[PDB]
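Below are the chains, spelled out letter by letter.
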Amino acid sequence: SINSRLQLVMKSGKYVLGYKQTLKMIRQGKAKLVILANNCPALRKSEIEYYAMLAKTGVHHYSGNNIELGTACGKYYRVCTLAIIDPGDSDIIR
Amino acid sequence: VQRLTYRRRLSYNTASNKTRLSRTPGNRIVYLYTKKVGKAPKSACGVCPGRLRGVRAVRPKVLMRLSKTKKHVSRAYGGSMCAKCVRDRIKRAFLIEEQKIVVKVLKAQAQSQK
Amino acid sequence: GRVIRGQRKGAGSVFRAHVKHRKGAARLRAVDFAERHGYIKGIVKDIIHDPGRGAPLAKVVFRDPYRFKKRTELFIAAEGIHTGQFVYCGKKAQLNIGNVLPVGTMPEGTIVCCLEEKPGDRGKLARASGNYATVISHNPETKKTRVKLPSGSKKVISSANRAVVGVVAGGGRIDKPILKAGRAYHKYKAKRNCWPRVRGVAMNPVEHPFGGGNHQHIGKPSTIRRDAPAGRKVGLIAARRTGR
Amino acid sequence: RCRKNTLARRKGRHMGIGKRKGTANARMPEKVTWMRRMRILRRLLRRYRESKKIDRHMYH
Amino acid sequence: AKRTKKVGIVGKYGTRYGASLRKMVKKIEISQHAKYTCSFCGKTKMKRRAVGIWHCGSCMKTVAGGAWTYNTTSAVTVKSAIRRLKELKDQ
Amino acid sequence: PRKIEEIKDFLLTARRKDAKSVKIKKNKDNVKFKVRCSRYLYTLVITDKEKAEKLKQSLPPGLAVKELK
RNA sequence: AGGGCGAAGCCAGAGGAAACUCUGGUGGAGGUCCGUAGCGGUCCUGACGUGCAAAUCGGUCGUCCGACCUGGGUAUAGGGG
RNA sequence: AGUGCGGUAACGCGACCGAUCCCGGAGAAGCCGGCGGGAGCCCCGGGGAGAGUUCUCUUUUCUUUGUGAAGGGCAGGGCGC
RNA sequence: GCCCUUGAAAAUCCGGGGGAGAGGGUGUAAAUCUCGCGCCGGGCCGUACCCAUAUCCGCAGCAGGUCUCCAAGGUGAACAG
Ligand SMILES: [Mg+2]
Ligand SMILES: [Mg+2]
Ligand SMILES: [Mg+2]
Ligand SMILES: [Mg+2]
Ligand SMILES: [Mg+2]
Ligand SMILES: [Mg+2]
Ligand SMILES: [Mg+2]
Ligand SMILES: [Mg+2]
Ligand SMILES: [Mg+2]
Ligand SMILES: [Zn+2]
């Protein structure tokens, strides 16, 4: 499961939550992975999906809706897009 | 106190018969009849509830008088559509066409395979 | 004596329908090559309220396939429709909700509404609010389909004639009590002059056949022929059985 | 003559139980009295915060 | 039960209309005024606009739903059946 | 009406074909110069008195120069 | 007009192991109450009763955000509306 | 070469070619509550000009004390930019 | 906030997408949903006064009826008296 591996990333690794910030992380070429909630707007997703394709970056569609993902980042707010810059000691990146 | 009367034969207080008080140089409070409140145009997108920027919200039969620059804005879809909905239309219309090309490529490979 | 309230509703006049603010008819798209052979795609531009109607409607806009021109329709909203959704329709339409396709295509047990009673009629059966029909069974030759209507009846139908998949939106309206007479008044005012209704027992015997008496009673049987001249046909018409 | 009497009303006069006809809430509406208070105390709080007297979390 | 023991929303109606009706209204009267979650953004803003039509204020997604609930049960059960049959047809 | 800010500009407006009366209001502390045209009544505020007295001479062919009192 | 009652939602504090409950606020619901204009028209079986009036007057009354009141336009005509 | 240019951008600048065709907007929206801003009026403290009172008291009490539209500037509101 | 109430049409006016066309050939052109200025025109009918305890309708200068706008000080919850 992905929730478990994220937990560790959020604890120990470096990361960034949200679309304005993750698109800046990909555009820098630092972002190693991009998680998308399922409810994300369709235009947004396809835009991000293209940005990863240009930057040769992983894109993982999360199983849950943006409330679940934010819950799954350990935040009381809700996150639709999340980039993983440096995982701490997790194998979120395979 | 100076009470006052309407200045036109329309007695009834209506959408048409709206007023305001004004002190003249003669030093008498007088009714002036007021012009209706114009609205800025809403977006062609139709989801963005907020009305458009950089347009003189004025009663539509005035627009006639106004200069072109007042009536619009320097952009593609200028003064017809909000920016956000343009820069989403743009990248949408682009990203869509890139996938149409990808499906065309996957179709052509499948023809060459078969 | 008098022409009774009831006979009078036929002359229209006061008892005609109130239709200023009504947003239009709630049809289906008309058939054409695209509908007939493939599937035309349109988008749901908005969902609307239509006075005197419990079902909400849906401005659905297509592209006319002959003139450069964006034609638009008023579908009755299938429940779970929303804006910025696409609404495909035709023979080769995908069997998902808010998607109008011929009854002959769609499998058995398939729930539909705004279902064409006769091919090309533009959507006549099951278009109320919480209502729908179910496609029972197909006869491939004869090109006919059996459909179970909300009344219970199991009507036979041409397999060509279309329907929107899914039930009608705004269901369970009638679970809420009205309470206030006022609330009744406000319902029928956006419809037609049919409300505060006076019982024929109340009336003098010139304006209704139950009228008169020293006691508010009917006096004759309240069941009645339907070979009955208009003016008597009052109470329970052709009532097969009458009680609880 | 009025002006003189209004000056009496300032001193706190002709204002006892037996010269009131309206309810207390009519005379000074409780809502308005509340509105004043919030608009005071809140104004005091955000002045304190914006002088670094009190921190974010205290303020809240 | 701060202000009322057992009327809540239907305390507006006062004594009127009878106990059963007012109890019967309390169910709907609650649900219809409820703010639901917009399964589109995920904010709690789905609010009935008029009968059978619910609007997210943020999402701006108007959504044909039930008369007093964003979803009827009927609609939900119909949805799943259609999805099942769709899969049965195409494979 | 229209206020003007350059002594030259008012001189150019006064020199048009459409113009006529160029009345002059000594307000004390101000000395305006109101020159009527077809459409607008142009005015020009000239705070100095000697500069106003100088301009007085600089209007051209025999216009009204109907000084106001 | 102006008042009264103070429904949902919201805040804090206190208790509760939880479920949740109490206390103080805020909030302003309603074919809600009082009560003006308005609309009406209970009683005095008052006045008047060759009247002011071919139905009026006085006090007293009902209602006063709603099946509210109301101008103009428009529809329905005689065994018909 | 030349169917204007500025701003990261919201957008800006006095003008800035253009048909049938198409899309959109404005015209074009219920009632009720609360709160806020702007005026008119009222109020208060004073300046003046004219009044009335003055047996005693009263720096008195009373009146009056202005700037149209249209432009330009600037507050002051608002913004789901 | 309320609605099993969701609360006008059209004339007219503008914006945008498109890009069929048009412009002159190195001092000018076509172009100004033209910017600033300049010139000429805007016909037809209504326009007195009353608008109500005396200009209206109730046979009358009839205690009846008849749609609106403006709306000072004091007392007072108050457009109550
Ligand atoms: Mg008019
Ligand atoms: Mg502009
Ligand atoms: Mg009777
Ligand atoms: Mg009979
Ligand atoms: Mg009597
Ligand atoms: Mg007598
Ligand atoms: Mg008399
Ligand atoms: Mg006159
Ligand atoms: Mg009068
Ligand atoms: Zn938009």
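Look up a bit, the structure's there.
Residues numbered from 1 in each chain as written, not as in the entry; some residues may be left out. Chains lettered and ligands numbered in written order. Part of a larger assembly, values for the part shown. Heavy atoms only, no water.

(A) Local environment of the overall build of chain A. Helices and strands together make up the secondary structure of chain A, namely four helices and four strands. For chain A, the C-alpha radius of gyration of 12 Å lies close to 12 Å, the compact-globule estimate for 94 residues. Each of the 94 residues in chain A was classed as buried or not, and the buried ones make up 45%. Sequence-distant contacts in chain A: of pairs separated by 6 or more residues, those separated by 24 or more amount to 76%. Accessible area for chain A stands at about 5,100 Å²; split by element, carbon and sulfur atoms hold 50% of it. In chain A, 14 side chains carry a positive charge and 6 a negative one; their mean positions are 7 Å apart. (Helix = DSSP H or I, 4+ residues; strand = E, 2+ residues; numbered from the N terminus. Rg over C-alpha atoms; globule rule 2.2 N^0.38 Å. Buried < 20%, exposed > 50% of the residue type's maximum accessible area, 1.4 Å probe, protein only. Contact = heavy atoms within 4.5 Å. Areas by Shrake-Rupley, 256 points an atom, 1.4 Å probe, with all protein chains shown as cover. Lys, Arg positive; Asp, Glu negative; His and termini not counted. Charge placed at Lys NZ, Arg CZ, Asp CG, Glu CD.)

(B) Structural context of the layout of surface pockets. The calculated volume of the second largest pocket comes to roughly 690 Å³. In terms of lining, the second largest pocket is formed by 23 residues, of which the most central are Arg173, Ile178, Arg183 and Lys187 of chain C together with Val51 of chain E. Listed by contribution, the elements that provide at least two residues to the lining of the second largest pocket are α2 (181-189) of chain C together with α1 (19-33) of chain E. Classifying every residue of the lining of the second largest pocket by side-chain character gives seven nonpolar, six polar and 10 charged. (1 Å grid on protein atoms, 1.4 Å probe; cavity = no way out; pocket = protein on both sides within 12 Å on 5 of 7 lines; lining within 4 Å. Points joined across faces, edges and corners; volume = space filled by probe spheres on them. Nonpolar A, V, L, I, M, F, W, Y, C, P; charged D, E, K, R; others polar.)

(C) Quick look at the protein's contact with RNA strand I. RNA strand I sits among 58 residues. The nearest are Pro60, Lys68 and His72 of chain B, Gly22 of chain D together with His33 of chain E. Of what RNA strand I places within 4 Å of the protein, 79% of the atoms are sugar or phosphate. Taking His33 of chain E, its side chain carries an N or O atom lying 2.6 Å from a phosphate oxygen of RNA strand I. Note that a phosphate oxygen of RNA strand I is positioned 2.7 Å from one of the side-chain N or O atoms of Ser38 of chain F. Looking at the surface near RNA strand I residue by residue, the classes come out as 21 nonpolar, 14 polar and 23 charged. (Near = heavy atom within 4 Å. Polar contact = N/O pair within 3.5 Å; in protein donor to acceptor, adjacent residues only side chain to side chain.)

(D) Summary view of empty space enclosed by the protein. All names here are of chain C. Within the structure shown, the criterion is met by one cavity of 30 Å³ or more. In this structure, the largest cavity encloses a volume near 80 Å³. Considering the residues around the largest cavity, the lining is formed by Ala58, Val60, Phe75, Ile76, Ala77, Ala78, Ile81, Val87, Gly98, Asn99, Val100 and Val164. Put simply, the parts of the chain that give the lining of the largest cavity at least two residues each are β2 (57-61) and β3 (72-76). Residue composition of the lining of the largest cavity, grouped by class: 10 nonpolar, two polar and no charged.

(E) Representation of the interface of chain E and chain C within the structure. Taken residue by residue, the interface counts 31 residues in chain E and 37 residues in chain C. Carbon and sulfur atoms make up 70% of the surface buried where chain E meets chain C, a total of about 2,700 Å² over both sides. Here chain E and chain C share one salt bridge between them. With a shortest N-O distance of 3.5 Å, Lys176 of chain C and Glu29 of chain E are connected by a salt bridge. Sorting the residues of the side of chain E that touches chain C by element identifies α1, β3 (62-64) and α2 (73-90) of chain E as the ones contributing at least two each. Considering each element in turn, the side of chain E that touches chain C owes the most residues, seven residues, to α2 of chain E. Along the lines of polarity and charge, the residues of the side of chain E that touches chain C split into 19 nonpolar, seven polar and five charged. (Buried area = accessible area lost by both parts, 1.4 Å probe. Salt bridge = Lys/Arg side-chain N within 4 Å of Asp/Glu carboxyl O.)

(F) Quick look at the state of the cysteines. Within the structure shown, the criterion is met by two disulfides over all chains. Covalent S-S linkage joins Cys38 of chain E and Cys59 of chain E, the inter-sulfur distance amounting to 2.0 Å. Of this pair, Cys38 of chain E sits in the loop between α1 and β1 (46-50) while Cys59 of chain E sits in the loop between β2 (53-56) and β3, placing them 21 residues apart in sequence. Not part of a disulfide, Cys45 of chain B finds its nearest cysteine sulfur in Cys85 of chain B, a span of 3.4 Å. (Disulfide = S-S within 2.5 Å.)

(G) Spatial organisation of a nonpolar patch on the surface. All names here are of chain B. Together, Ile101, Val102, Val105 and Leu106 make up a nonpolar patch on the protein surface, roughly 340 Å² of accessible area in all. Topologically, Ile101 is positioned in helix α3 (residues 83-113). For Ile101, a relative accessible area of 41% puts it in the partly exposed group. (Patch = residues over 30% accessible without salt bridge, like charges linked within 9 Å, V, L, I, M, F, W, Y side chains within 5 Å.)

(H) Focus on unusual backbone geometry. In this structure, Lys56 of chain A takes a positive phi of about 45 degrees despite not being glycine. Inspection of the secondary structure puts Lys56 of chain A in the loop between α3 (42-54) and β3 (58-61).

(I) Inspection of the packing of aromatic side chains at higher detail. By the definition in use, this model includes 12 aromatic pairs over all chains. Summarising the aromatic geometry, the rings of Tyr50 of chain A and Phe94 of chain B are spaced 5.3 Å apart at their centres and angled 85 degrees between planes, so their arrangement reads as edge-to-face. Separated into two different chains, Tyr50 of chain A in helix α3 and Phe94 of chain B in helix α3 make up a pair that spans both. A relative accessible area of 14% means that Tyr50 of chain A is categorised as buried. (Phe/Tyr/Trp six-rings, centres within 6.5 Å; stacked < 30°, edge-to-face > 60°.)

That is the geometry; function is a separate question.
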